[PDB]
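Novice: no sequence on this one, just coordinates:
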DNA sequence: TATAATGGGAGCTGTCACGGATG
DNA sequence: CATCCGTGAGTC
C-alpha cells in the first residue's frame, strides 16, 4: 500500500517552498495538529499556572525581595512552561483565524493583513480563556477574532 | 489500451516506451508533483484535482 | 504603499512585544519585506 | 526589523547574491522566510568536543538498531508460532500463505521505519559535521533537531536580518584576494563567475 | 466578548526581438 | 550555437 516512492515523494514536495506568500503561510499552519477538546483543557490549565507564577514575581520585583534558589527556579520553570503552552494553543487554533478571515476579503484590506489582525485577536483570546466553563476554545475564540 | 488506440503510429509507440514510470498511482503522483510543488501528495489529493 | 508598510511595521511591534510565537512573527516580517519591496519597486518580485 | 532593498536582490545579476557568493534562488528562501541560514559556527568548540559528540550520536544509532533487531525477532517468533497455530487448527496451507506474506510485510515496515530513523540520524550528524556559514538548512525539522542537539555550537537565523549579519561578518579584503587567485587560475568557467 | 465553529481563490490567455545566465 | 527572465517597442 505505502510505497517507498510516495514516502520519498512526500518529503520532496513538503520541503520545497512555494512562491505564493499566501500559500506558504497556509503550508506552515497545517503542520500543527488540531486540538482535542480535553487537550485544550490541559493547555488552559498550564497557561493559568504559568500566567500566575508570572504575576507573583512581577510585584515582588518592585517591592524587592525574591524567592530562594530552589523556589524561584521552580517558580521560573512554570513561567516558561506556561508561556510555552500559550504558544502551543495559538499554533493549534491558528487555522481558526484563517477560516473566518477569508470572508472579509476584498474590502480594501489585504488577506494577510486580515489574518494577522485576526491572529492578533486570537492572542488576546487565549489570555482571557477560562476552562472552568465546559465550552470548547473554538467558541470563545471566534467572538474575539471577528 | 494505449497500445490499442494509438498503435497505428510509431511516434506513440516511441512514447509509451520512453515512458518513465508505469502505474495508475505513480502517474497521478507524478503529475501532482509537477503541478503543485510544496504540498503533501496523497493518492486521494492527486485523484481529486 | 507607505500606509501599507507603517501598518505592518506597527503590527510587528505589537506582535514582538506580546511575545508572539515565531510562526506569527515571522509571517509579519515577511509581509513587511514584501511591503517595503512593493513600495520601492512594484511587481518586480511576485504579482504587483 | 531589518529589510533588504529589493533593488540589490532581484535586480539581475543579484548584487547581494554575488557579494556573499549566495545563489539567487537560495537568497530568496532566506530573506522571505522559507529556509534558515547558518550565520556563524564555533569551529574550535566543535573540534574540542567532536570526539565526545561522535560517541554520543553513535550510542543512539545502536540503541535504535538494537530495538530494531529485537523487535524483528519477536515478530518472527509470532509469525512462526501463528503459522503453526493455524496448522494445529488444520486450515488450508494456502490460507497460511496469506498469513505468511502478512508477517513478511509487517517486518518490512519495521525495518523501514527504523531505517528512516537511522537515515534521519545520519543526515543530522552529517549536517552538523559539515556546518559552516552561508549554508541553507531548508528542512525545518532537521534544523530544530539540529538546534536542540548542537545549538551551543552555531548561530542560526532566518530572514532579512540574518542576511544583515552575513554582511557584517563579511571580510571584503579577504574575499577580494581569494577571487583574484581564482582569476589567476586559467580555468574559464570558474574564472568567468569570479570575474 | 463563552453552543460550536479550525488549510484561499482567481486565474487570463494573440507579441516581438534581444542580452545574459544556464544548458 | 540554442532556452528562460527582464526590458524595450515614434510624436503631438
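Specialist: Thanks, I have it. Residues are numbered from 1 along each chain as shown, chains lettered A, B, ... in the order given.
Novice: which element follows the helix or strand hosting residue A:90 toward the C-terminus?
Specialist: If you go by DSSP states H and E, residue A:90 is part of helix A:69-92. For helix A:69-92, the succeeding helix or strand toward the C-terminus, using DSSP H and E, is helix A:94-99.
Novice: for the helix holding residue A:90, packing partners?
Specialist: Using 3 or more Cβ pairs under 8 Å, 6 or more residues apart in numbering or on different chains; DSSP states H and E, the elements in contact with helix A:69-92 are helix A:37-63, helix A:111-127. All C-beta atoms are positioned from the backbone trio N, CA, C, and that covers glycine.
Novice: of all those, which lies closest to residue D:94?
Specialist: For residue D:94, the closest of the helices and strands packed on helix A:69-92 is helix A:37-63, at 46.6 Å, according to Cβ to Cβ.
Novice: enumerate the positions of the helix holding residue A:90 that are buried.
Specialist: The neighbour-count check on helix A:69-92 (16 or more other Cβ atoms under 10 Å in any protein chain shown) flags A:75, A:78-79, A:82-83, A:85-92 as buried.
Novice: of the residues you listed, just say which sits nearest to chain C.
Specialist: residue A:87 (4.3 Å; Cβ to the nearest Cβ).
Novice: residues near whatever residue of chain C ends up closest to DNA strand E, how many?
Specialist: Closest contact between chain C and DNA strand E, by Cβ to the nearest atom of the strand, is at residue C:47 (6.9 Å). Residue C:47 has 8 neighbours, counted by other Cβ atoms under 10 Å in any protein chain shown.
Novice: name the nearest residue to the closest residue to DNA strand E within chain B, sequence neighbours excluded.
Specialist: Closest to DNA strand E within chain B is residue B:39: 5.6 Å, counting by Cβ to the nearest atom of the strand. Closest residue to residue B:39 apart from its sequence neighbours, by Cβ to Cβ, 6 or more residues apart in numbering or on different chains: residue A:13 at 5.8 Å.
Novice: wait, the one you found sits on residue B:30?
Specialist: No: using Cβ atoms under 8 Å, residue A:13 is not in contact with residue B:30; the gap is 11.7 Å.
Novice: hang on, the earlier thing: how much space separates the residue nearest to residue B:39 from DNA strand E?
Specialist: From residue A:13 across to DNA strand E, the span is 10 Å (Cβ to the nearest atom of the strand, to the nearest Å).
Novice: got it, and residue D:1?
Specialist: In this view, residue D:1 and DNA strand E are 24 Å apart by Cβ to the nearest atom of the strand.
Novice: could you do residue A:140 as well?
Specialist: Distance, residue A:140 to DNA strand E, using Cβ to the nearest atom of the strand: 3 Å.
Novice: just residue A:72 next, same as before
Specialist: Here the criterion is Cβ to the nearest atom of the strand. By it, residue A:72 lies 30 Å from DNA strand E.
Novice: name the nearest residue to the residue of chain A found nearest DNA strand F, ignoring sequence neighbours.
Specialist: Nearest residue of chain A to DNA strand F, counting by Cβ to the nearest atom of the strand: residue A:19, 10.6 Å away. Nearest residue to residue A:19, sequence neighbours excluded (Cβ to Cβ, 6+ apart): residue C:46, at 7.1 Å.
Novice: contacting residues for residue D:44?
Specialist: Under the criterion of Cβ atoms under 8 Å, 6 or more residues apart in numbering or on different chains, residue D:44 has no contact partners.
Novice: what does chain C have sitting close to DNA strand E?
Specialist: Counting by Cβ under 7 Å from any atom of the strand, chain C comes close to DNA strand E at residue C:47.
Novice: now the helices: where do they sit in chain C?
Specialist: C:2-17, C:22-40 (DSSP state H).
Novice: to residue D:50, which of those lies closest?
Specialist: helix C:22-40 (30.0 Å).
Novice: and that closest one with chain D, contact?
Specialist: Yes: Helix C:22-40 reaches chain D (Cβ under 8 Å from any Cβ of the partner chain) through C:26-27, C:29-30, C:32-34, C:36-37, C:40.
Novice: so what's the residue count around the residue in chain D that chain C sits nearest to?
Specialist: The minimum distance from chain D to chain C, using Cβ to the nearest Cβ, falls at residue D:6 (4.0 Å). Neighbours of residue D:6 under the rule other Cβ under 10 Å: 20.
Novice: just the one 5 residues further on next, same as before
Specialist: Counted by other Cβ under 10 Å, the residues lying close to residue D:11 total 13.
Novice: starting at the chain centroid, how far to stretch D:118-136?
Specialist: How far stretch D:118-136 lies from its chain's middle: 5 Å, per Cα atoms, centre = their mean, to the nearest Å.
Novice: contacts made by it with the rest, please.
Specialist: D:20-22, D:26, D:29-30, D:35-41, D:43, D:46, D:53, D:57, D:60-61, D:64-65, D:137, D:142, D:145-146, D:149-150, D:153-154, D:166, D:169.
Novice: helices or strands up against the lengthiest helix in chain B?
Specialist: Counting by DSSP H, the longest helix found in chain B is helix B:24-35. Under the contact criterion of 3+ Cβ pairs under 8 Å, 6+ apart, helix B:24-35 touches helix A:4-15, helix B:45-48.
Novice: in TSV: the ones you listed, plus distance to residue B:23 and mean neighbour count.
Specialist: Formatted as TSV, the helices and strands packed on helix B:24-35 follow (distance: least, Cβ to Cβ, whole Å; neighbours: other Cβ atoms under 10 Å in any protein chain shown):
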stretch	distance to residue B:23	mean neighbour count
helix A:4-15	9	14
helix B:45-48	12	13
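Novice: returning to that earlier point: just put the residues of helix C:22-40 next to chain D in TSV and tack on distance to chain A.
Specialist: Putting the residues of helix C:22-40 next to chain D into TSV (distance: Cβ to the nearest Cβ, whole Å) gives the following:
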residue	distance to chain A
C:26	9
C:27	5
C:29	11
C:30	7
C:32	10
C:33	10
C:34	6
C:36	14
C:37	11
C:40	17
